[PDB]
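In the entry's author numbering, the protein residues as written are 4 to 137. Ideal placement from N, C-alpha and C gives every residue a C-beta, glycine not left out. Before any comments, here is the structure.
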């Protein structure tokens with residue numbers, strides 16, 4: 004109930020909507036990679052998915068003012084990862100389709116996958132610190 008941690012619950016509630024939205028996003032990239040989905044459609048689904056991502060991003064910004072300066076920093080870093088995680092996810096699918104499996108192009112995927120794997124691991128640590136009121 005108190006206004007301090009009530010606002011943190013809404014931030015955690017928005018992260019649920021963001022995590023679910025990437026699942027709809029990721030499933031759309033795989034649908035185009037497996038050639039089950041044309042390039043034209045995937046572009047409009049990302050348009051639909053990034054809109055909900057844009058709503059969640061703006062909702063969490065509104066929740067920042069009532070938070071402590073240590074908590075506003077954790078949110079600031081949280082959105083930086085989620086912004087880079089969005090672009091690194093869509094950019095990864097396109098590079099996997101055009102790549103001729105040459106070693107130069109082949110390690111772009113591994114570097115981005117390692118980036119995505121580390122970004123996701125960093126995000127959960129930001130949430131757990133927010134859960135512990137860091």
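Selection from the options that minimises the alpha carbon distance to residue i
{"i": "residue 38", "options": "129, 96, 12", "result": "96"}
{"i": "residue 130", "options": "17, 94, 5", "result": "17"}
{"i": "residue 19", "options": "136, 126, 135", "result": "126"}
With 16 other Cβ atoms within 10 Å as the buried cut-off, status of residue i
{"i": "residue 7", "result": "exposed"}
{"i": "residue 31", "result": "buried"}
{"i": "residue 12", "result": "exposed"}
{"i": "residue 81", "result": "buried"}
{"i": "residue 15", "result": "exposed"}
{"i": "residue 85", "result": "buried"}
{"i": "residue 28", "result": "buried"}
Beta-carbon proximity list for residue i, same chain, < 7 Å, skipping 5 on both sides
{"i": "residue 68", "result": "none"}
{"i": "residue 42", "result": "35"}
{"i": "residue 132", "result": "77"}
Neighbourhood of residue i by C-beta, 6 Å cutoff - its chain only, sequence neighbours within 5 removed
{"i": "residue 118", "result": "91"}
{"i": "residue 40", "result": "34"}
Contacts around residue i, its chain only, beta-carbon distance under 8 Å, and the 5 residues preceding and following it disregarded
{"i": "residue 98", "result": "108, 111, 112, 115"}
Per the contact definition of three or more C-beta pairs closer than 8 Å, is the region 49 to 65 in contact with the region 16 to 34?
Per the Cβ contact rule, the region 16 to 34 is in contact with the region 49 to 65 (3 or more Cβ pairs under 8 Å).
With a threshold of 8 Å, are at least 3 pairs of Cβ atoms found where one atom belongs to the region 76 to 85 and the other to the region 41 to 54?
Contact between the region 76 to 85 and the region 41 to 54 is absent, because fewer than three Cβ pairs lie under 8 Å.
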